[PDB]
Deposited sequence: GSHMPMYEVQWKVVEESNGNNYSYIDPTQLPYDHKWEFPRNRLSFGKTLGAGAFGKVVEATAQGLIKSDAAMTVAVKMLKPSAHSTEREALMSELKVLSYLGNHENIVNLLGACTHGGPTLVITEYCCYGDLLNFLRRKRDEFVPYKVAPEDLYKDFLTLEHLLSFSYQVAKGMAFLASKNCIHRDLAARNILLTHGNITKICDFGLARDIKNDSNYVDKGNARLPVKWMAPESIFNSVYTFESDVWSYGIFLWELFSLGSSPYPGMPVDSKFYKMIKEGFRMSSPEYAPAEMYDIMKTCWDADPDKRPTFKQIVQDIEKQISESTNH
C-alpha cells in the first residue's frame, strides 16, 4: 500500500499470453509460498523465434493472501510501464489456471552474489572482465535513476538491497523484488520482529519503531545498499547482532564508518541518507544529480 492501493490499479489485457506456449526449465529461486523459474516462450517475438524469460508463480502451499499479493504485483508492473532501470513485464497468464507473471531474464543474476564472486579480482583503477571502481559508480547511478522513477509514480519499494538488484548485459542493473520467491525463514538478513520476518539492518528508524514506509525510508535503504556495494558484498553492521543493544544504538545516532572502497563523496551521500530527520535526507532525484557530477568529473 503506502500512497496508492495496488488492488485498485488496473490490469491491461494487452499483456495476456497463452500458458501452453511456455516450456518450464530450472527453478531459479524459491520461498515458502512462491517461486521463480526459467522458461522458453514461443510466439512472444513477431518472427517465430523462441525467447528465454523468467516466470513468477505460487506453490500449492500458498493461501488467499499470497494469491492477492501476486495479482497486486502484476497490477503495479502493468501501471508502471517499461523502464530501462527496472525489470520489465513481458506478459501474464490470468485465466485457465494459476496466475503467471512473465518478466525479462537477466543473465548475470542478483548483484549481491555477483559482487561476492568478483571480490578477490577487484581493480580500483581486459578479456578477464575484472570489476572496477568505474562499474561501482555506474551501478550506484542506475539504481538511483530507477528509484527516482518509482518515486515519481508514487511507489515505495520497502526492500531495496543488493539481493533485490539484477544484472544483465553491458553492466546494466535492474531493480526487482523477489518477494514470495525468497526463503526469508532461512536468510539471516531477515530478523524475527513481532509476528514478522523483516530486513531490520536496511530499515529506517521510523519503519522499525512506527511501521511507517515513505519516499524517505526508501532513501535510508539506498544508503545501506551503497555500503554493501563499496564493501564488495559484505553484510551491514559487521559483528553486531540484531538485539536490544542494536535498536538502542541506532536511536542514539550510531552509524557505520565508510566501507574500504567508497570514495569520500559517496560516503557523504550515505551519511545524509541516514539522517534521523526524514526531511533532512536527499530525494532520489538529488542523489542522481550528485552522482552524475562525480561520474563527469572522473
For this session: Identify which parts of the deposited sequence carry no C-alpha coordinates, going from the N-terminal end onward.
Result: 1-21, 147-152, 326-328
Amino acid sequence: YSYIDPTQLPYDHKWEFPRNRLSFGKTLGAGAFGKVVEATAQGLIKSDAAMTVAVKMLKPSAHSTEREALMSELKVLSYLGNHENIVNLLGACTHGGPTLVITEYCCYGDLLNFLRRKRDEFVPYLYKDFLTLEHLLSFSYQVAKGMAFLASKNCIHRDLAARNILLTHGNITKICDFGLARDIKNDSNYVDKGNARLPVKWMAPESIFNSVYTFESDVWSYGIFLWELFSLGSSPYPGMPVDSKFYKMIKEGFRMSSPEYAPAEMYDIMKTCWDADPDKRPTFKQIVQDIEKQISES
From here on, numbers count along this sequence of modelled residues.
For this session: Return whichever of 55-63 and 38-46 has the greater mean Cα B factor according to the PDB record.
Result: 38-46
For this session: Between 172-180 and 187-195, name whichever shows the higher mean Cα B factor according to the PDB entry.
Result: 187-195
Exercise. From 73, 120, 84, 218, pick the one with the largest CA B-factor in the entry?
Worked result: 120
For this session: For the C-alpha B-factor as written in the entry, point me to the maximum among 33, 267, 247, 230.
Result: 247
For this session: Would you mind ranking residue 209 by its C-alpha B-factor against the rest of the chain and naming the third, lowest, middle or highest?
Result: highest
Seminar exercise, completed: Quick tally, chain-level thirds of C-alpha B-factors: residue 10 sits in the highest
Exercise. Based on the entry's values, in what third of the chain does the Cα temperature factor of residue 289 lie: lowest, middle or highest?
Worked result: middle
For this session: Quick one: classify residue 273 as lowest, middle or highest third of the chain based on its Cα B-factor.
Result: lowest
Exercise. Thinking about Cα B factors across the chain, which third does residue 155 belong to?
Worked result: middle
